[PDB]
Engineer: 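I am attaching a structure below and will ask some questions about it afterwards.
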Amino acid sequence: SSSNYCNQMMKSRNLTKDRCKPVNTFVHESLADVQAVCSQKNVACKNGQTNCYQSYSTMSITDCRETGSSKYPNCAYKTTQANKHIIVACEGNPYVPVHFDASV
Amino acid sequence: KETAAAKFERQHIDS
C-alpha cells in the first residue's frame, strides 16, 4: 500500500482500488509505438489462437507482482524493471492491442 | 463505458 511505483500506479490506474490484482505489466513506450506491434511478428498466443504479435525490439517495462504478504485492502507489490519484447493480442478495426500476452 | 482497447491502455501504458 506504500509508495513504490507499482503500489502507486496500480491504485491510480484503478486496478487495486477494489481488489488486489496478482500481476500487471506497465509498458513505458508511447501509445502509438505499442499500437504498432499489431503489424509486427505474428505468433500464437498462449491459448493457441493466432492474433498475437511480438515486438521486433525490446521495450522498457515494469512488472508489478503481489508479494506473499499482500491482502486487500493492503495490496503490496514487488516492482521489477526490465527491457523485454512484448507479446500482445490484437482485435478490431483499427487492429489494436486488447490483451497483454507476455514479455520475452 | 470502457472498450477493450481503452482498458488495455489504462492498465498497461505508461508513456
Side-chain angles (χ1 to χ4, degrees):
Chain A
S1 342
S2 331
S3 298
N4 70 44
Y5 172 83
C6 285
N7 285 202
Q8 299 184 76
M9 207 71 161
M10 291 294 271
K11 197 97 66 178
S12 37
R13 291 298 189 79
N14 183 205
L15 287 99
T16 57
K17 285 181 163 191
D18 57 9
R19 74 179 63 73
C20 293
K21 187 191 180 197
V23 58
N24 183 62
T25 303
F26 289 103
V27 183
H28 298 282
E29 300 297 340
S30 71
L31 179 67
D33 287 351
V34 175
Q35 287 171 324
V37 183
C38 292
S39 57
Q40 290 185 22
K41 181 44 67 188
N42 180 230
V43 292
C45 303
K46 300 182 300 300
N47 71 12
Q49 281 167 46
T50 42
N51 62 324
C52 278
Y53 299 79
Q54 179 170 147
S55 60
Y56 297 133
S57 49
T58 54
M59 290 182 164
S60 174
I61 60 114
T62 306
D63 174 80
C64 296
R65 184 171 283 254
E66 270 182 284
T67 62
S69 4
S70 177
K71 187 180 174 64
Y72 190 78
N74 325 282
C75 309
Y77 290 87
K78 177 182 176 56
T79 300
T80 305
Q81 170 65 213
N83 280 267
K84 294 202 272 165
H85 299 266
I86 64 170
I87 291 118
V88 295
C90 302
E91 283 182 294
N93 208 292
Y95 202 58
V96 294
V98 292
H99 280 302
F100 191 90
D101 205 70
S103 311
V104 297
Chain B
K1 243 299 290 165
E2 189 178 54
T3 67
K7 178 183 184 68
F8 178 87
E9 295 161 1
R10 178 179 57 85
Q11 300 192 310
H12 303 292
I13 299 292
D14 176 25
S15 54

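In the text below, chain A, chain B and the rest are named by the order of the sequence lines, each starting its count at 1. Excluded from the calculations below are hydrogen atoms, water molecules and symmetry mates; all remaining heavy atoms, backbone and side chain alike, are included.
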Engineer: Check for a donor-acceptor pair, side chain of A:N4 on one end and backbone N or O of A:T79 on the other, with a separation under 3.5 Å.
Structural biologist: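 No.
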
Engineer: Show the atom names and distances, to 0.1 Å, of all donor-acceptor pairs under 3.5 Å that link a side chain in residues 80-88 of chain A to residues at least two apart or in another chain.
Structural biologist:
residue, atom, partner, partner atom, Å
A:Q81, OE1, A:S60, OG, 3.0
A:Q81, NE2, A:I61, O, 3.1
A:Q81, NE2, A:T62, OG1, 2.7
A:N83, OD1, A:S60, N, 3.4
A:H85, ND1, A:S55, O, 3.1
A:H85, ND1, A:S57, O, 3.3

Engineer: Any donor-acceptor pair under 3.5 Å linking the side chain of A:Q40 with the backbone of A:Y56?
Structural biologist: yes

Engineer: Give every donor-acceptor pair under 3.5 Å between a side-chain atom in residues 92-104 of chain A and any protein atom, sequence neighbours left out.
Structural biologist:
residue, atom, partner, partner atom, Å
A:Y95, OH, A:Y53, OH, 3.2
A:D101, OD1, A:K46, NZ, 3.0
A:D101, OD2, A:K46, N, 3.2

Engineer: Given 3.5 Å as the limit, does a donor-acceptor pair link the side chain of B:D14 with the main chain of A:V27, or not?
Structural biologist: no

Engineer: When you check the side-chain N and O atoms of A:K17 and A:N14, is any donor under 3.5 Å from an acceptor?
Structural biologist: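 A:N14 and A:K17 do not have a side-chain donor-acceptor pair below 3.5 Å.
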
Engineer: Following the transitive rule for hydrophobic clusters with a side-chain heavy-atom cut-off under 4.5 Å over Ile, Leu, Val, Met, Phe, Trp and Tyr, establish whether B:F8 and A:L31 coincide in one cluster.
Structural biologist: yes

Engineer: Between A:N42 (side chain) and A:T50 (backbone), is there a donor-acceptor pair under 3.5 Å?
Structural biologist: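 The answer is yes, because a donor-acceptor pair under 3.5 Å joins these two groups.
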
Engineer: Assess whether atom CD of A:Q8 is packed by more than 12 heavy atoms of other residues, nucleotides or ligands within 6.0 Å.
Structural biologist: yes

Engineer: In chain order, what residues pass the ring-ring contact (aromatic ring centres under 6.0 Å, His included) check against A:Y5, with sequence neighbours excluded?
Structural biologist: A:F26, A:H28

Engineer: Could you check whether atom NZ of A:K41 has more than 12 heavy atoms from other residues, nucleotides or ligands sitting under 6.0 Å from it?
Structural biologist: no

Engineer: Check the pair A:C20 / A:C75 against disulfide (SG to SG under 2.5 Å), numbers first and verdict last.
Structural biologist: CA-CA 5 Å; A:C20 293; A:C75 309; 2.0 Å; yes

Engineer: Does A:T16 reach the main-chain N or O of A:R19 with its side chain, forming a donor-acceptor pair under 3.5 Å?
Structural biologist: no

Engineer: Working to the nearest 0.5 angstrom, can you tell me the gap between A:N7 CG and A:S1 OG?
Structural biologist: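 OG of A:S1 is found 6.0 Å from CG of A:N7.
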
Engineer: Mark yes or no for whether A:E29, through its side chain, and A:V34, through its backbone, hold a donor-acceptor pair below 3.5 Å.
Structural biologist: no

Engineer: Do you know which two heavy atoms are closest between A:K78 and A:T67, and how far apart they sit?
Structural biologist: N-CG2, 4.1 Å

